[PDB]
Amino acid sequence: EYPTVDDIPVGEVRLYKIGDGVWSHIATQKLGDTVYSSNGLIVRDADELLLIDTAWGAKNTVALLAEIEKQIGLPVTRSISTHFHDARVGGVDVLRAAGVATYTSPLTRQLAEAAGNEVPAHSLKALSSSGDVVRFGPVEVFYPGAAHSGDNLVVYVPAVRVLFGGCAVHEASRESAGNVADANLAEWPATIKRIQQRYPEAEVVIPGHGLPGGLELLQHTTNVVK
């Protein structure tokens, strides 16, 4: 049932229910030749929603808000971007215009600014060193160390044991690491092991791109990176 690039045109967004009060959002973007599918997360907290990652640019992020209003009907009040690439902060200006309080790690804000990308408005201050973890509403945000990028974060929803790995985690079908220009290939396996050790009871693991799986995606990622 999980949507792929073939099911979603650029500019549309689908939601997919993952567990109680947890959905992923899936969108499509085209970079020159390449067409990607990309996942974020939505998590209910009382009568509001926490959003993890934009839908890759302003147009998709507008469609994301519309689809949330249509399907869920609760307001997105806060967001977290999991790394500095346009794929995850592109659209933060749409979120700000809709009144969302946008957050990420201080390092992500710095890298986004350096890259000329959109910059979330607020910093999650206790996330500075590999291993740092903070609670934020109904999730934990974990900085496990450098991997796909130096700043990449993962997000865990403890009530339902759902781990959003973002682009630090590859889907089962993926056999190459993608854009490695900001990656730390040497550190990535150790970063994965840190995720494994922290969330040994996770039931679903959602990669940055492609099909959700279980904890097996973590070791798979290490194998690919090598």
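The first residue of the shown sequence is 1; numbering continues from there.
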{"property": "Given 127-135 and 71-79, the range whose Cα B-factors average higher in the PDB entry", "result": "127-135"}
{"property": "Mean temperature factor over C-alpha atoms, higher-scoring stretch between 96-104 and 117-125", "result": "117-125"}
{"property": "Residue of maximum C-alpha B factor among 157, 168, 181, 64, per deposited coordinates", "result": "181"}
{"property": "Peak C-alpha temperature factor (PDB record), options 15, 10, 22, 202", "result": "10"}
{"property": "Third of the chain, ranked by Cα B-factor, where residue 38 sits", "result": "middle"}
{"property": "Relative C-alpha B-factor of residue 193, binned into the chain's lowest, middle or highest third", "result": "highest"}
{"property": "Where the record places residue 186 (Cα B-factor, split into thirds across the chain)", "result": "highest"}
{"property": "CA B-factor placement of residue 59, once the chain's modelled residues are sorted into thirds", "result": "middle"}
{"property": "Third of the chain, ranked by Cα B-factor, where residue 48 sits", "result": "middle"}
